[PDB]
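Tertiary structure, described
Each chain, written out:
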Amino acid sequence: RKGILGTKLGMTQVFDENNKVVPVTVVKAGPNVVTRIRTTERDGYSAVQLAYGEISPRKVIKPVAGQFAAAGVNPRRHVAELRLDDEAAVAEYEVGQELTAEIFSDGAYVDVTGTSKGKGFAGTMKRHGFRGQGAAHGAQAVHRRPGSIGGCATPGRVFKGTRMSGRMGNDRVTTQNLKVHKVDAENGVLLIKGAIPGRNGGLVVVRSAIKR
Amino acid sequence: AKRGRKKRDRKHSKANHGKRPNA
Amino acid sequence: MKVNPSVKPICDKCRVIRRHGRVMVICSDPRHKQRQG
Amino acid sequence: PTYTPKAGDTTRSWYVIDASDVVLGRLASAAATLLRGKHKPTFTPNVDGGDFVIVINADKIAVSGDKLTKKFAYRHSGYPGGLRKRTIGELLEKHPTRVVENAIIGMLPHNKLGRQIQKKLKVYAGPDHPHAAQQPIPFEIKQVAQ
Amino acid sequence: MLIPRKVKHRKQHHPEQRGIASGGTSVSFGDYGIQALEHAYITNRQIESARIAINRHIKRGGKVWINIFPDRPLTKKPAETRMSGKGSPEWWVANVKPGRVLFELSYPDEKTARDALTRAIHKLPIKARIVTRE
RNA sequence: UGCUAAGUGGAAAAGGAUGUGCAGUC
RNA sequence: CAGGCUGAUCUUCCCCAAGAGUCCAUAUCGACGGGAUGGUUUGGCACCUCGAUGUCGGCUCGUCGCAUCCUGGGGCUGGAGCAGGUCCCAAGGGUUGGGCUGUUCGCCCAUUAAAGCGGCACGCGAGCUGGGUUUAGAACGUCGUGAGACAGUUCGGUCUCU
Ligand SMILES: [Mg+2]
Ligand SMILES: [Mg+2]
Ligand SMILES: [Mg+2]
Ligand SMILES: [Mg+2]
Ligand SMILES: [Mg+2]
Ligand SMILES: [Mg+2]
Ligand SMILES: [Mg+2]
Ligand SMILES: [Mg+2]
Ligand SMILES: [Mg+2]
Ligand SMILES: [Mg+2]
Ligand SMILES: [Mg+2]
Ligand SMILES: [Mg+2]
Ligand SMILES: [Mg+2]
Ligand SMILES: [Mg+2]
Ligand SMILES: [Mg+2]
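As documented in the archive entry, the model was determined using cryo-EM at 3.08 Å resolution.

This is how it looks when you write it as C-alpha cells:
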C-alpha cells in the first residue's frame, strides 16, 4: 500500500502495445516530502503525512511554518495523510524522505481520490436522474418538476433521505482500480487510464488499489 | 383485528375487575 | 421433511423425540421425518 | 418551614462499584439510588444531591437467563428502514461500557435534571479506573433486613 | 341430512344454550358411546358426517344408535340484503349440552370400537369424551 | 412452604406431543 | 368517497383421512365435516366530518410487509441424467416494451434469469393530466297522457391559491 499526492494535468490519448487507443488522464505527482509519521503508541493509529507543491515562505502562517520547521522541510502548498493498515508499513518512512512518482511500476491499479466539479444547485433532473412530466398533452407547468414527495394523512410527513434539490458536486468521490498505463520517471507524470475526478489543476491522492 | 381484540383484553387489569367500559 | 401442526408416528420404528424446544419424529425411512408437532 | 438545600450544602463524595458476578438490574437500580442522592438524609427532588458512581468490570456482569442471545436493544436512525438491533452478547463484545450504562440511564427520571445526573456516572470495561486521586469508597450492595 | 317430518312452527328462537344436561347423561343402549362435554348446535350435516366415519371404519359388523335428532329450524337471511321480517329456515340443529350422550356403538372389539368413535369426535364441533356402559 | 425454564408471566382455537410437579390404579 | 368496529361472504393456512395413486391415505391430489388467521372483495352497522374530509384510471415520486415471481441455501420425491413437483428458510437487489379498451382487471404479441402479491384516504390533483363518472345543449332506443325519467347508449363540456 504505497501512495502519492499530485495534480490533474488534463487528458489525452495514447496508443497501446497492441495498437488500440487507451484514453489517459495525465497526472503529475511531484516530489512529496513526508513531514510527520503518525504512530500507534501516541496517536492510536498508523499513517503518513505527505507535503506537496511549492509555496512562498511569506504566504505561510506561523502555526503552519513551525510544523515544517519541526520536520526540517521547506513549507508546501497542500498536506494530507495516507492511512495504512497494520503497524508494519510506517517502519519504512523517515521524516524528510522525498518520494517521487517512479514507485508505481507499469500495469498497477490505483484508487485516485479527488474532489469533484461543482454543478451549482441543480434540482431533481440533473442531480438524481428523475424523469420529468410530459412536454405536451395538457401538462401545466410541471415539465422538470419532482411531482409527489410523500403519501398522505399517514404518515403525514416527508421521510428523511427524500431526493429533492440542492447544491451538487464538490464531493470527495473515488474512481477505484483504474489501470496505470505508463509511469514516466523523468518529468514526474503518471498516465492513468480513464477519467479521474476534479478540475484541471485540482489536488489528487493516488494510492494502490485496496480491491486490485 | 388487532385493535379490536386488545381493547377488550384491558378488561383483565385488576383495577377494572373483569369489565371495562367498551365504548 | 413434513411440517404441519400434527406429527403422529407411522412406522413403529418412528421415535417421536423433541430437539431444541420442538417436536419431531424420526424413522428409518427418509420419508417419515416431521416437525413442530 | 422544611429544610431545602441553599447552596453550597452538597457534601457529594464518591463511590466505586465492582460488577464481576453480580447481576444487571440490582447493580443498576442500586447505582441509580446513589446517582439521585436518595440515600441522603437530606433529599429534595428539584436539586441534585447525587453522589458519583464508578462502575468497574462492566464486561463481567452476569446477565442471566438466556438474555445474551435473545434481548435485542433497538435503535432507529431517522430514515425509513433504519431500525437496527444488536444482541447483548454482540453489544457487550464491541462496547462493554454500553450494557451497564444503557441499563442505568433507563432507570433515571428522564428530564432536564435527569440528564445532569448522567455526568456523575462513569463505566469502565477493565479493572482499572483513572479517578484514584479522589479516593472513592468501595460500595458493596446491601439489603436492609426487614 | 336427516330432517323432521312436519314441524309446527317453522321459525323459532335460539335453543337455550347454558345449563347441564339432566338426561340422557349415561349410556343406555350399546357397549361404547361418546358424551359431549360442551355446549354446541349439532347440525344434521355433522351427525351424518360423523355417522359414515363410523360406518366406513367399522365396515360390516356392529350397530350405531343416534340419541340426537335435529328438530329445530335456525333461521338465515340473504347475504345481499340490508338488516325486515325474519328470514328462511336454513339449517336443522340439535341443542346439545354437557353430560349428554350423542352417539353409540355395539362392536365387539375394543380397539376398533374406540378409534371408530375417535373419528366421530373430530367431525363434531364439541370437545368430547369416549364413555363406556360399565 | 411449593411450582414454572417458556421472558411463559407480558394475546387465541380445533388439534399435536417420553416437558414436568402432585394425588390415584395392575 | 375515506377512516372505525364486525368478518356472513372473500382470502391464506390448518385438524380428521373416505379415497384416487399397479400394491401403498399422507411423492402428489384429497371428498364429507370441523377449527382459526388476514382485513385485500361483496356486505352489515351509522361512530368522526354536510358554516365542503374535492373526484376513478394514468403520469411523477416513492416507502414498508412477506403470504418469494427471479437470483441464493436446504429436506422429501412414484428424484437415473436434463428438466420438474412439493414443503421449510430467506426481503439484499432486480421484477421489460408494445397491441385493443377511459379503464382497473383481462385477452394477445415479441422477449426475459423473472415478468410476484399487497398496505400506505382502493399512497400521491395547495404535484400534473381530465379519457371515465356526475350540472346546464342535443339526438337514439325504452317507459310516461304530459312536464319528464333510466349504474341504458351517443357527441360537446372553465381544474382556483404569492
Ligand atoms: Mg422528457
Ligand atoms: Mg407550458
Ligand atoms: Mg378477524
Ligand atoms: Mg409474552
Ligand atoms: Mg363507509
Ligand atoms: Mg376521516
Ligand atoms: Mg353519525
Ligand atoms: Mg371549517
Ligand atoms: Mg417466509
Ligand atoms: Mg387513491
Ligand atoms: Mg386538479
Ligand atoms: Mg394533496
Ligand atoms: Mg370527459
Ligand atoms: Mg308516448
Ligand atoms: Mg369542441
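Text resumes after the structure shown.
**Observations concerning the overall build of chain D**
Summing up its helical and strand segments, chain D has 5 helices and 6 strands in all. Each helix and strand of chain D, ordered N terminal to C terminal, gives the series β-α-β-α-β-β-α-α-α-β-β. The dimensions of chain D, computed from C-alpha atoms along their principal axes, are 55 × 35 × 35 Å. With 146 residues in all, chain D has 33% of them scored as buried. Restricting to contacts in chain D with at least 6 residues of sequence separation, those with at least 24 account for 68%. Counting every atom, chain D has about 9,900 Å² of accessible surface; 52% of that belongs to carbon and sulfur. Between the averaged position of the 22 positive side-chain charges in chain D and that of its 12 negative side-chain charges there is a distance of 10 Å.

**Some thoughts on helix α4 (residues 96-107) of chain D**
Turning to α4(D), its buried residues number three or more, namely D:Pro96, D:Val99, D:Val100, D:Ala103, D:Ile104 and D:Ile105. Contacts made by the buried residues of α4(D) are with α1 (26-36), β2 (52-56), α3 (88-94) and β5 (121-123) of chain D.

**Structural notes on a nonpolar patch on the surface**
Residue and element names in this part refer to chain A. A cluster of nonpolar side chains, contributed by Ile149, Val158 and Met164, occupies part of the molecular surface with about 230 Å² of accessible area. Note that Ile149 resides in the loop between α2 (125-128) and β9 (165-166). By relative accessible area, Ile149 is classed as partly exposed at 43%.

**Brief notes about a negative patch on the surface**
A cluster of like negative charges, contributed by A:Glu41, A:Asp85, A:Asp86 and A:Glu87, occupies part of the molecular surface. By secondary structure assignment, the location of A:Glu87 is in the loop between β5 (76-83) and β6 (98-99).

**Quick notes on the packing of helix α1 (residues 44-58) of chain E against helix α2 (residues 111-122) of chain E**
All names here are of chain E. Interhelical geometry of α1 versus α2 gives an angle of 150° and a closest axis separation of 8 Å. Here α2 runs roughly antiparallel to α1, going by the angle between their axes. Helix-helix and strand crossings are classified by hand; for α1 and α2 the assignment is right-handed. Contacts from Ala50, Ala53, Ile54 and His57 in α1 reach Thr112, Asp115, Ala116, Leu117, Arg119 and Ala120 in α2.

**Description of the nonpolar core**
Counting 27 residues, the largest nonpolar core has A:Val110, A:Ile192 and A:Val206 as its most contacted members. Elements represented by at least two residues in this core include exactly β1 (3-15), β4 (47-54), β10 (180-184), β11 (189-193) and β12 (203-207) of chain A. Dropping the residues within four chain positions of it, A:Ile192 is found in contact with A:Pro23, A:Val24, A:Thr25, A:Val27, A:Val110, A:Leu178, A:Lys179, A:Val180, A:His181 and A:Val206. Formed by 26 residues, the second largest nonpolar core is a distinct cluster that contains D:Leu27, D:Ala28, D:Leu34 and D:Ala103.

**Some thoughts on the protein's contact with RNA strand F**
If you check the shell around RNA strand F, you find 13 residues, and the closest are B:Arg5, C:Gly37, D:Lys67, D:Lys70 and E:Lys127. Sugar plus phosphate: this is where 54% of the atoms of RNA strand F within 4 Å of the protein reside. A distance of 3.3 Å separates a phosphate oxygen of RNA strand F from a polar atom in the side chain of D:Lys70. Measuring from a phosphate oxygen of RNA strand F, one finds a side-chain N or O atom of E:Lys127 at 2.8 Å. For the surface near RNA strand F, a count of residues per class yields 3 nonpolar, 2 polar and 8 charged.

**Quick look at the state of the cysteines**
Residue and element names in this part refer to chain C. Inspection of every chain in the model, using the stated rule, returns 3 disulfides over all chains. There is a disulfide in this structure between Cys11 and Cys14, and the S-S distance comes to 2.0 Å. Residue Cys11 shares its accessibility class with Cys14, and that shared class is buried. The disulfide partner of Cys14 is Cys27, and the gap between their sulfur atoms is 1.8 Å. The sign of the -105° torsion about the S-S bond sets the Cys14-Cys27 disulfide as left-handed. Taken as a pair, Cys14 in the segment before β1 (17-18) and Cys27 in the segment after β2 (23-24) lie far apart in primary sequence, 13 residues in all. Relative accessible area serves as the criterion here: at 6%, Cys14 is assigned to the buried category.

**Remarks on the protein's contact with RNA strand G**
Close to RNA strand G lie 51 residues; A:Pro146, A:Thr154, C:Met1, E:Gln46 and E:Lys123 are nearest. Among the atoms of RNA strand G close to the protein, meaning within 4 Å, 87% are from sugar or phosphate groups. At 2.8 Å, a side-chain N or O of B:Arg3 approaches a sugar or linking oxygen of RNA strand G. Elements that contribute at least two residues to the surface near RNA strand G include exactly α1 (2-8) of chain B together with α1 and α2 of chain E. Looking at the surface near RNA strand G residue by residue, the class counts come to 17 nonpolar, 18 polar and 16 charged.

Cut-offs applied
Residues numbered from 1 in each chain as written, not as in the entry; some residues may be left out. Chains lettered and ligands numbered in written order. Part of a larger assembly, values for the part shown. Heavy atoms only, no water. Helix = DSSP H or I, 4+ residues; strand = E, 2+ residues; numbered from the N terminus. Buried < 20%, exposed > 50% of the residue type's maximum accessible area, 1.4 Å probe, protein only. Contact = heavy atoms within 4.5 Å. Areas by Shrake-Rupley, 256 points an atom, 1.4 Å probe, with all protein chains shown as cover. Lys, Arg positive; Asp, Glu negative; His and termini not counted. Charge placed at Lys NZ, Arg CZ, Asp CG, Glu CD. Patch = residues over 30% accessible without salt bridge, like charges linked within 9 Å, V, L, I, M, F, W, Y side chains within 5 Å. Salt bridge = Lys/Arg side-chain N within 4 Å of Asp/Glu carboxyl O. Axes fitted to C-alpha atoms, helices over the stretch in contact; angles between N-to-C directions. Parallel < 35°, antiparallel > 145°, perpendicular 65-115°, else oblique. Left-handed = near helix turned anticlockwise from the far one by under 90°. Core = buried A, V, L, I, M, F, W, Y, C linked by side-chain atoms within 4.5 Å. Near = heavy atom within 4 Å. Polar contact = N/O pair within 3.5 Å; in protein donor to acceptor, adjacent residues only side chain to side chain. Nonpolar A, V, L, I, M, F, W, Y, C, P; charged D, E, K, R; others polar. Disulfide = S-S within 2.5 Å.

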